[PDB]
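Participant: Below is the structure I would like to discuss, written out as structure tokens.
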Amino acid sequence: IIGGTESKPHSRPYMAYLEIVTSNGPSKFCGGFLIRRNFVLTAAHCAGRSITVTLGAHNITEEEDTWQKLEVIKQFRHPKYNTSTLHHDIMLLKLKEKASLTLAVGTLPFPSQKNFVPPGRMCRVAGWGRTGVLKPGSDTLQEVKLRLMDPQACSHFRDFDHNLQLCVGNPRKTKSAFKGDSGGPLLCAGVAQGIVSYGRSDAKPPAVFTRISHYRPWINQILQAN
Ligand SMILES: O=C(O)c1cc2ccccc2n1Cc1cccc2ccc(F)cc12
Ligand SMILES: [Zn+2]
């Protein structure tokens, strides 16, 4: 998160910190969010050979009783995920067990409505990602208020599409999701409308988020059938 504030500890109890293992390099990290006691939503580009989820975290460098370190048994990438265009950049993680509900750990549900969100309004995103181009990931959960933009603001991302994705962050400001924030939810008036997907290497906003609304039928399908 660039240009944000430190979150009040445990104030976003659905937030998930993902450590992703690959066979041939060191760990990578993403965000995500708990939508059922045994399911986490994140970005498909955060897939790996294996993933460990930490719920209940604020400062990820300091173990505490709120932590739940949970095994992932299976990763379910959206079947239309494309690694070139990054369309359908969304994935469900099934946890080996159900998480414990605590003050610091709970789910974020969807409203029954599956409405399309138009541009104009302010939304919030949180994550442990980098705080600048040459800066490590934050030890503490950070968050930032960003402007939903009209889709033309993201035209320079030549594979951006308005019906699949949200365009997030006023280009006049430095405030933005960034590397390490992948998979984190964008909340607009307290409702999850998108997922951090990608942006510019130089961190100039806007960034591109996966629009959850398109995927609700998919999300329902995996949840009902697993
Ligand atoms: O480290 C990462 O999280 C990461 C790995 C990765 C692989 C394929 C696609 C995207 C990817 N991201 C997100 C990301 C990469 C570059 C610039 C970004 C700007 C803004 C933003 F929100 C997210 C960005
Ligand atoms: Zn604590």
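Don't overthink the numbers, they just go from 1 along the chain as shown.
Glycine is no exception: its Cβ is also placed from the backbone N, Cα and C atoms.
Sequence annotations record features per position, and here Swiss-Prot assigns disulfide bond to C30-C46, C123-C188, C154-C167. Marked as active site, charge relay system by Swiss-Prot: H45, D89, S182. Annotated N-linked glycosylation site per Swiss-Prot: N59, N82, in sequence order, evidence recorded as experimental evidence.
Let's see these features in context: how buried, what's close, how far.
Facilitator: Contacts of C30 (disulfide bond) defined by a Cβ separation under 8 A and a same-chain sequence distance of 6+ are given as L18, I20, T42, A43, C46, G180, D181, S182, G183, in order along the sequence.
For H45 (active site, charge relay system), the number of other Cβ atoms no farther than 10 Å from its own Cβ, over all displayed protein chains, is 20. Annotation note: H45 (active site, charge relay system) sits in a helical segment as assigned by DSSP.
In the three-state DSSP scheme, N59 (N-linked glycosylation site) falls into the strand class. Its Cβ taken as reference, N59 (N-linked glycosylation site) is surrounded by 14 other Cβ atoms within 10 Å in the chains shown.
If you draw a 10 Å sphere around the CB of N82 (N-linked glycosylation site), it holds 12 other CB atoms from the protein chains shown.
Around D89 (active site, charge relay system), the C-beta neighbours below 8 angstroms that are at least 6 residues distant in the chain are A43, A44, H45, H78, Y81, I195, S197, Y198, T210.
The Cβ of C188 (disulfide bond) lies under 8 Å from the Cβ of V117, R121, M122, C123, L148, each on the same chain and at least six residues away in sequence. DSSP assigns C188 (disulfide bond) to a strand in the three-state reduction.
Following the DSSP three-state reduction, the secondary structure of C154 (disulfide bond) is helix. Around the Cβ of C154 (disulfide bond), the same chain contributes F160, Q165, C167, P206, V208, each under 8 angstroms and 6 or more positions distant in sequence.
Take the CB of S182 (active site, charge relay system) and look out to 10 A: across all protein chains shown you find 26 other CB atoms. Secondary structure at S182 (active site, charge relay system), as computed by DSSP, is coil.
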Participant: Taking 10 A as the limit, how many CB atoms besides its own sit near the CB of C167 (disulfide bond)?
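Facilitator: By my count, 23.
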Participant: Taking ligand 1 as the reference and 6 angstroms as the Cβ limit (strictly under), which recorded positions among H45, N59, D89, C154, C188 are close?
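Facilitator: The recorded positions passing the 6 Å Cβ test are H45.
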Participant: Compute the C-alpha separation of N82 (N-linked glycosylation site) from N59 (N-linked glycosylation site), stating it in Å without decimals.
Facilitator: 34
